[PDB]
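These notes concern the structure reproduced below.
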Amino acid sequence: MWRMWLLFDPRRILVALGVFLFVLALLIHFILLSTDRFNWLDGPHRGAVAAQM
Amino acid sequence: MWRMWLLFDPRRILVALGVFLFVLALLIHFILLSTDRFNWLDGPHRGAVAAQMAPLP
Amino acid sequence: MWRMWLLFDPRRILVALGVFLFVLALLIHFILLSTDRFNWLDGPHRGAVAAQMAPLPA
Amino acid sequence: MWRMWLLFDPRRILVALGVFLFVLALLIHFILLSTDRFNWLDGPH
Amino acid sequence: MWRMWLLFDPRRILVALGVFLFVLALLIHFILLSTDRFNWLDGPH
Amino acid sequence: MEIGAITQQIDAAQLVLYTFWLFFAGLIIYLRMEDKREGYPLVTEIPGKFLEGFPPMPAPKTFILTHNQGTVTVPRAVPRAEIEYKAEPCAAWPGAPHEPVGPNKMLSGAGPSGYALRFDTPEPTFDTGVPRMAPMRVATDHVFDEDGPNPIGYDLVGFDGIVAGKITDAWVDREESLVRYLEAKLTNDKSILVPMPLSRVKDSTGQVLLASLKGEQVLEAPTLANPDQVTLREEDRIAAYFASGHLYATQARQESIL
Amino acid sequence: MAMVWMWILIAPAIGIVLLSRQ
Amino acid sequence: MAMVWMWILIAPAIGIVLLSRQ
Amino acid sequence: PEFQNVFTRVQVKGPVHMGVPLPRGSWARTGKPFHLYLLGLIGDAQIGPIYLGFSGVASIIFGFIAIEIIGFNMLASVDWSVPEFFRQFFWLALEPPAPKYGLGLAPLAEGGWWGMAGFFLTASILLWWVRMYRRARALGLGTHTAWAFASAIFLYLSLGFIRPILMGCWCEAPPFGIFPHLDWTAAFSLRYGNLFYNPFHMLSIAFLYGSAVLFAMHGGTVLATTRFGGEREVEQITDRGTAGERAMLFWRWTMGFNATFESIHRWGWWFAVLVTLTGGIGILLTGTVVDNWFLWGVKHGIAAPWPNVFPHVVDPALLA
Amino acid sequence: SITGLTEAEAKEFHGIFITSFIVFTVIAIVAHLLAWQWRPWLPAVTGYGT
Amino acid sequence: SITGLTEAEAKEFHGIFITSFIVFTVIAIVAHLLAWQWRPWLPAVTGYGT
Amino acid sequence: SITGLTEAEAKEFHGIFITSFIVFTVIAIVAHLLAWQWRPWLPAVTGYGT
Amino acid sequence: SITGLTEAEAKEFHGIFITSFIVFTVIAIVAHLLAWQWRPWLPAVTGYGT
Amino acid sequence: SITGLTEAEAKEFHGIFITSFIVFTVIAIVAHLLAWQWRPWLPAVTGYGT
Amino acid sequence: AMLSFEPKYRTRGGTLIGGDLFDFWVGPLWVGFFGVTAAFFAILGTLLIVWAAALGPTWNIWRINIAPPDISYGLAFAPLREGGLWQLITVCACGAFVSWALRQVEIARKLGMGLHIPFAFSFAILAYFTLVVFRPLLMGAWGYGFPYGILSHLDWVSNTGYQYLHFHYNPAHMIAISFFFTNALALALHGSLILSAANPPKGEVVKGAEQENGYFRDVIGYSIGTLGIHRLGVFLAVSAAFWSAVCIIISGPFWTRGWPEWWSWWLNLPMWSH
Ligand code: BCL
Ligand code: BCL
Ligand code: BCL
Ligand SMILES: CC[C@H]1c2cc3[nH]c4c(c3C)C(=O)[C@H](C(=O)OC)c4c3nc(cc4[nH]c(cc(n2)[C@@H]1C)c(C(C)=O)c4C)[C@@H](C)[C@@H]3CCC(=O)OC/C=C(/C)CCC[C@H](C)CCC[C@H](C)CCCC(C)C
Ligand SMILES: COC(C)(C)C/C=C/C(C)=C/C=C/C(C)=C/C=C/C(C)=C/C=C\C=C(C)\C=C\C=C(C)\C=C\C=C(/C)C(=O)CCC(C)(C)OC
Ligand SMILES: [Fe+3]
């Protein structure tokens, strides 16, 4: 499997991997903030929710 | 079927497959997240509103 | 890892890194300002907002 | 770090840094003017 | 600091500085005039 | 409360509108005068009667050209000489058309075969006085791009299917790096230039198709004064000859088709 | 509270002159 | 909480100066 | 049929053109230009190089901050939910300040971010105008591009800066969003009584339609005469060829009058410029000297007398 | 060599790349263990239920 | 000299530039002093309090 | 050497890059320690509870 | 020398750049000291509390 | 050879490709087994019930 | 009267119908068969407009309003005083526009030019045909056409737009506007660049392709070139008219609700649907 850096340019792969992983990490961190349960800054119960039966 | 690589360039196939597999997985993860049953973070979507109305003039 | 700089241009990396770090730091500071608890200027008590559906001040 | 001016144009660094600092300083002054506590002109409400 | 004029054209600096200083002064005057306290024409309301 | 009222009936927005109308009238006058820097004053069916129309012709302006090819003043006090076109009027009254003469109407200089007496020197590049259009055998720094057709060696075919010659070289624009002419070796050993905008490169059959001329009419196309450069006037001659074929190649192309 | 404005206005001006003599 | 802003403002400046003198 | 010159499949690779030498003191051009066959089909194949002087870099920094202010607030308006950001992206905006604050600086949550984004974006646009002006001078060209650009800036400033000042409220300015700024455009017409009856809106439309008419006519004229080298327009201007003569004769025989290869670009220049010049003036008039354009139209005798097919109705609020 | 590296360079890069991948993943595994302790995900169909 | 200035004229401009900068700042300083006398800024947290 | 860097001038850059990263990270670490003392994050599922 | 400056002049720019950076930072530090005196930031979770 | 890969390397790449595909699928199978344990899909016509 | 270079170009031929009978010039204008037809339709159509105005209540040029028939008449030819005159004027306009385009084809053939100009104009004709025949045909009534009046046809546009309660949300409307706005931006740029090259500062030499391509590479990093910009000018203007025709043909025959409601397909995509 080491015979892949002769097939793919390491400079292009590392730059693409760096952008992809940062965007992915931004996406996940952002989604958790939007949740009520996993928001680590303001915490739970930030808005008004109608009671359910 | 190893001959499939004598026909198609491996560099393009792996890049095309990698892009294809990520987009599909991203699509599937997002469809489940939008559901109430398969949302693994909060569960059902309650649709919280702002705490108070913006005051009238 | 000194050998990596023969493959990646230090000019390109430093410029891309500086822009990326500032935008990230700017984003994180903004996110904190967009919270009541971590707002370090006015504090945890959000001020009341004015009426949007209002006439021109005359 | 005196060698960082061998690979970076000092004219280009100063121009980018000069605009950046002024824009950032404008940004911070603007933010404070739009706060209740740190508005130094009309003061707090 | 006099060595900066070997790096930057004095003619370019003066015109850019003149425009920058005028717009900045125009911005500050406008901001003050739109406040209640520092409006020097009609005064406080 | 009537803000913007000048009188009981005239208001500010109305006055601003009439201000624009005055400006727009002046702008149209200015634009129409600028339109009259070429081809004016008009010629009539009188030896010495000229019309300038309204608005009148503008004051002259001068263009400075590169590489010491002179100064151009428009409108010209003395207009450029016209080519000696060969046509017979279809009637004597004004407004009647004329019919080009000669067995080869593309050489008559009438109708679409007419051309302007431009500069008799090659168009130069801005950086150097080097001719702008050059064959690729001279402009060796230009090569055909891959994944695109290479017309060198193709047959030159008229719209009647008759092969007139083979494509030998391409002429490129040294300023914009594009093909403007294909050079073809004709069966009479003539080496004419064909305009790229009038050539259909069919790389499937290895042919360059001419929809404007028959195969035999290609053999009478203009030739360059010297083989490595083309003047502005020659460019006009070549374009006029090929393009006039759409009206003059056959008698059918000149008559009403329905 | 005048001292706040005095430093932020005057001290940069002195800084330019002091950086200029060197 | 003065030290919260004093560190984040001054320490990078010291770091830059020390890194420059390297 | 004949070659229609829709796109160019036969292409040649020449040495990259870096441009004319720049005047002393200018920067070096940025980037290594390369040939692209895809763009060579419809236009020129070379991408780059680019010149990044003081105006260009300053404009980018100012503009990028403004874009960050918009994007961060848009993302905060969906509570940082990326799925909701993609779902609602067209609906999101950075809203202008509330009417309470007039021309003063609003709080951040109530229009303060809008004003800062408006300032930084305006600075970026003005700095770009300097770039368009100075790049033309560096090449020995006229500044026609910069002054045409100033016309577009005039409408932009009238919408967001001049008119809100004349009205005394930043709340009258458009928001920074895709669908919301369409809502603002429609709400503007609703508030001020059918902007169709604004005469400068009529003129701006006439020139907007006229720009489409002229460019279709002019582009078609040049394409129809590319067989005569008609696209080499400046050379046709200084030394008229058969392409210029046929182009002039086509329109003279069609409608009785014609332009020249130079003057047609003056017609096109003014028609595009007058779109935003008349548009800017019309926007400055509404609410300042005219409050209801249809009633203004009725006053000035341009309201067509449509029949009323319904029985007469009385405003029920009067009798209450 | 389509990329342009040598026989030795490709293997040396492979060792560095895998090691960096291991370190990055190991840190993320620790981070997910800490995150799970703070706030577990994957609720029951009826909710988390304290 | 990338700008294209000799030592003599570069020093001359620098001297004039500093003097103009000092004169401009001094006038501005007195302007701020008069402005502060007309209407002070930087209120206390409770407001200006007349 | 696609970059165009000698082995001597490339190892020196790696040395300068690493120490700048460490200095930058150490300052940020202390900043986060101060930030935690001012206002801790990561609340309980109930809330911060003052 | 991709930039086009000699070793000697790079050192001189570095000395001027760092000195200007220190002067600018020190003035900013005093400004923040005065700003903190006028109006402190970073309140407690219960607010500034006058 | 349109691809240009020789016979020896093409069979080697296929062996790597098939082995990677098997490992990727096997992990996905266990992932779906765990997902089915946490929350089944494919409900009855009347719903999942409970 | 003729331009200085004109006389050599006035050849016989290029006509599609008629031949030498109508192949002559009146002043600067060439006539041909379709020039006769265009003149006939234009004059008759204009005269009918004036007669319809004479039947109306005003001679004010801005307030003249010639309206189509009632919807109840369907696709029938209405009486002249109740929309029949509008139908006749519409037929004259259709004949005049097609004859004008066909006349341009003959003129271009006489000069040995391409047919790009009549091709571009045909898209303007398509938009008009969409407004007055194609859309009314799909709705089944000629009453859907816009009235002929300088200010009255703006009232039709306004009321038609609010039959969908927010016409900005029409998706083909957005595309068409994007083409109109870009075309004006492209026209301003192209006119500026040619004038800047042909009219440099006084005493300076005229500039060519090197500065023209160099200018936009410096400011934006790419130049489309002289051939590309004229291709772009046609493409933008033609597509603005084409998508304008699309935006109105789908308003009522293929969409009867508010246009913002149409965007619920995007809001309800399963990746983020509520
Ligand atoms: C919600 C509960 C926790 C939390 C839960 C988690 C969990 C779980 C994880 C993280 C992880 C991370 N968290 Mg956390 N995190 C929280 C809140 C935060 C906050 C904040 C302001 O509150 C910040 C700043 C962070 C920051 C971080 C990062 C340190 C880290 C993501 C690494 C990454 O993106 O690599 C992207 C960048 C790269 C991979 C560099 C690429 C290098 C390339 C290959 C080499 C060439 C470079 C090339 C030339 C240039 C391009 C690359 C550029 C970077 C663009 N978290 C809260 C408090 N966090 C992840 C982690 O620990 O990863 C180790 C992780 O698994
Ligand atoms: C229901 C809505 C109303 C209506 C309300 C308005 C309002 C309000 C306005 C118009 C305006 C116009 N209307 Mg209208 N209009 C109506 C119906 C029409 C109809 C029709 C057939 O129904 C047409 C064809 C038009 C056409 C027009 C144009 C002639 C004119 C816009 C000129 C322009 O190009 O601006 C587009 C160009 C600009 C806005 C300038 C842009 C230049 C700047 C520099 C851009 C910088 C970009 C920056 C660098 C990038 C930032 C990106 C960041 C992420 C933010 N309207 C109806 C009646 N209309 C405008 C006008 O001028 O009226 C007099 C205007 O303000
Ligand atoms: C509280 C509000 C007070 C007030 C408090 C203050 C205070 C405090 C100050 C001012 C200052 C100014 N005020 Mg005040 N001011 C008020 C009301 C006014 C009114 C009015 C109609 O009411 C006017 C006309 C002014 C006018 C002025 C200016 C004289 C001055 C700003 C100088 C400047 O912009 O330099 C910018 C332009 C340059 C520096 C150009 C210099 C030449 C260049 C560098 C050389 C080459 C030029 C090159 C060709 C480029 C040219 C570009 C163009 C100049 C644009 N004030 C009210 C009453 N005012 C400032 C001052 O006095 O500074 C001297 C100042 O500190
Ligand atoms: C005559 C009127 C018409 C017109 C004309 C016109 N427009 C023009 C011009 C002209 C003549 C120009 O010369 C100018 C131009 O440059 O054209 C190519 C322009 C222009 N008209 C434009 C748009 C435009 N024009 C429009 C309309 C019109 N323009 C009218 C129809 C519209 C509409 C219809 O709404 C739009 C949207 C631009 C393409 C351009 C002006 C560009 C500009 O101002 O650029 C600066 C603005 C910014 C927001 C800066 C961008 C910053 C980058 C996005 C940053 C990227 C990241 C960054 C590098 C990271 C690092 C940053 C660090 C700080 C960290
Ligand atoms: C990593 O970052 C990313 C995530 C990539 C960022 C992403 C950013 C995104 C997605 C941004 C999207 C933006 C979008 C879609 C924007 C759309 C905007 C649109 C359509 C705008 C339309 C019209 C807007 C107009 C005309 C606005 C004009 C405003 C003006 C002229 C304001 C001028 C006032 C000036 C000059 C001031 O001095 C006043 C300043 C002050 C006094 C402080 O406040 C009062
Ligand atoms: Fe053109």
Side-chain angles (χ1 to χ4, degrees), chain C residues 18-19 22-23, chain D residues 16 19-20 23, chain E residues 14-26 28-29 32-33 38 40-41, chain I residues 59-68 70-71 117 121 124-129 131-132 145-159 174 176 182 184-190 192 194-196 198 200-201 203-209 211 272-283 286, chain K residues 20 24 27-36 38-39, chain O residues 154 157-158 161-162 166-168 177-178 180-185 187-189 192 216 219-220:
Chain C
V19 172
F22 170 73
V23 174
Chain D
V19 173
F20 166 80
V23 169
Chain E
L14 288 179
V15 53
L17 184 66
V19 176
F20 155 80
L21 289 180
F22 176 67
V23 177
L24 180 73
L26 212 53
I28 298 176
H29 280 97
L32 293 177
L33 201 58
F38 298 90
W40 65 91
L41 300 179
Chain I
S59 175
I60 292 175
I61 293 174
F62 273 93
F64 178 77
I65 290 306
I67 292 172
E68 293 297 79
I70 314 295
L121 180 61
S124 184
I125 290 168
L126 294 174
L127 287 164
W128 198 262
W129 185 89
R131 169 180 178 88
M132 305 302 295
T145 304
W147 290 113
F149 187 25
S151 179
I153 299 177
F154 173 63
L155 176 56
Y156 164 82
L157 288 180
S158 298
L159 287 168
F176 289 111
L182 302 184
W184 180 91
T185 307
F188 191 99
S189 186
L190 295 188
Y192 295 107
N194 196 3
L195 207 63
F196 274 143
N198 187 334
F200 286 91
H201 189 253
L203 292 167
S204 189
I205 287 174
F207 294 117
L208 179 60
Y209 293 168
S211 297
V273 157
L274 285 174
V275 172
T276 50
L277 181 56
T278 64
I281 294 175
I283 289 304
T286 153
Chain K
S20 297
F24 175 73
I27 297 173
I29 288 168
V30 181
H32 282 72
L33 288 166
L34 295 172
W36 181 271
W38 166 65
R39 192 80 82 255
Chain O
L154 298 207
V157 175
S158 182
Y162 287 103
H166 211 322
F167 207 82
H168 280 140
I177 291 171
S178 294
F180 272 108
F181 283 174
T182 303
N183 178 89
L185 159 54
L187 182 61
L189 287 180
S192 298
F216 277 97
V219 303
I220 215 66

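We name chains A, B, ... by the order of the sequence lines, and we start the count at 1 in each one. Note that ligands are numbered from 1 as they come in the structure, with each ligand's atoms numbered from 1 the same way. Computation of the quantities below employed the complete heavy-atom set of this structure, encompassing side-chain atoms and omitting hydrogens, waters and symmetry-equivalent molecules.
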Heavy-atom proximity to [atom], best of [options]:
| atom | options | result |
| --- | --- | --- |
| atom 55 (C) of ligand 3 | K/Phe24, E/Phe20, E/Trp40, E/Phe22 | E/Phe22 |
| atom 50 (C) of ligand 4 | I/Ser124, C/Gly18, O/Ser192 | I/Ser124 |
| atom 14 (C) of ligand 4 | I/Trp129, C/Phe22, I/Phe149 | I/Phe149 |
| atom 1 (C) of ligand 2 | O/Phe180, O/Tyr162, I/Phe188 | O/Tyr162 |
| atom 24 (C) of ligand 2 | O/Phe181, I/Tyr156, I/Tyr209 | I/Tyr209 |
| atom 17 (C) of ligand 2 | I/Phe196, I/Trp184, I/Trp129, I/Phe207 | I/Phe196 |

List the closest protein heavy-atom neighbour of [atom]: residue, atom name, distance to the nearest 0.1 Å.
| atom | value |
| --- | --- |
| atom 22 (C) of ligand 4 | O/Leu185 CD2, 4.6 Å |
| atom 46 (C) of ligand 2 | I/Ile125 CD1, 3.8 Å |
| atom 49 (C) of ligand 4 | I/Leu121 CD1, 3.8 Å |
| atom 40 (C) of ligand 3 | E/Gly18 CA, 4.4 Å |
| atom 59 (C) of ligand 4 | I/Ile60 CG2, 3.6 Å |
| atom 44 (O) of ligand 4 | I/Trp128 CB, 3.6 Å |
| atom 41 (C) of ligand 2 | I/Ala152 O, 4.3 Å |

> Can you list the ligand 2 atoms lying under 4.0 Å from a non-hydrogen atom of I/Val275?
Replying inline: 32 (C), 34 (O)
>> Show me which atoms of ligand 2 lie under 4.0 Å from any heavy atom of I/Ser189.
In response: 1 (C), 2 (C), 3 (C), 58 (C)
> Who passes ring-ring contact (aromatic ring centres under 6.0 Å, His included) against I/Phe196, sequence neighbours left out?
Replying inline: none
Sub-4.0 Å protein heavy atom next to [atom]:
| atom | value |
| --- | --- |
| atom 8 (C) of ligand 3 | yes |
| atom 5 (C) of ligand 2 | yes |
| atom 64 (C) of ligand 3 | yes |
| atom 49 (C) of ligand 3 | no |
| atom 33 (C) of ligand 2 | yes |

> Counting each atom of ligand 3 from 1 as listed, which ones have a heavy atom of K/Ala28 under 4.0 Å away?
Replying inline: 66 (O)
>> Within the 4.0 Å heavy-atom shell around E/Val15, which atoms of ligand 3 are there?
In response: 48 (C), 50 (C)
Does only the side chain of [X] get under 4.0 Å from ligand 2, or the backbone, or both, or neither? Count heavy atoms.
| X | value |
| --- | --- |
| I/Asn198 | neither |
| I/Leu155 | side chain |
| I/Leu195 | side chain |
| O/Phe167 | neither |

Region of [X] engaging ligand 4 - heavy atom pairs below 4.0 Å:
| X | result |
| --- | --- |
| I/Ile67 | side chain |
| O/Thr182 | neither |
| I/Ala148 | both |

>> Can you tell me if E/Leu17 contacts ligand 3 (heavy atom of the residue under 4.0 Å from the ligand)?
In response: no
May I ask you to list the atoms of ligand 4 that are less than 4.0 angstrom from any heavy atom of [X]?
| X | answer |
| --- | --- |
| I/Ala152 | 2 (C), 4 (C), 5 (C), 29 (N) |
| I/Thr276 | 2 (C) |
| O/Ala184 | 31 (C) |
| I/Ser59 | 46 (C), 50 (C) |
| I/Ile125 | 44 (O) |

Would [X] count as a contact of ligand 4 if the rule is a heavy atom under 4.0 Å away?
| X | answer |
| --- | --- |
| O/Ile220 | no |
| I/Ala272 | yes |
| C/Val19 | yes |

>> Strictly distance-based, threshold 3.5 Å: is any side-chain N or O of I/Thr276 a donor or acceptor partner for the main-chain N or O of I/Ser151?
In response: yes
> With distance as the sole test, does I/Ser124 use its side chain to make a donor-acceptor pair with the main-chain N or O of I/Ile60 at under 3.5 Å?
Replying inline: no
> Which of the N/O/S atoms in I/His201 sits closest to atom 14 (Mg) of ligand 2?
Replying inline: NE2
>> Tell me whether K/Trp38 has any N or O atom under 3.5 angstrom from an N or O of ligand 3.
In response: no
>> I need the protein N, O or S atoms closer than 2.8 Å to atom 14 (Mg) of ligand 3, given as residue plus atom name.
In response: E/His29 NE2
>> Using 30° and 60° as the class boundaries, would you call the ring planes of K/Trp38 and E/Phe38 parallel, tilted or perpendicular?
In response: perpendicular
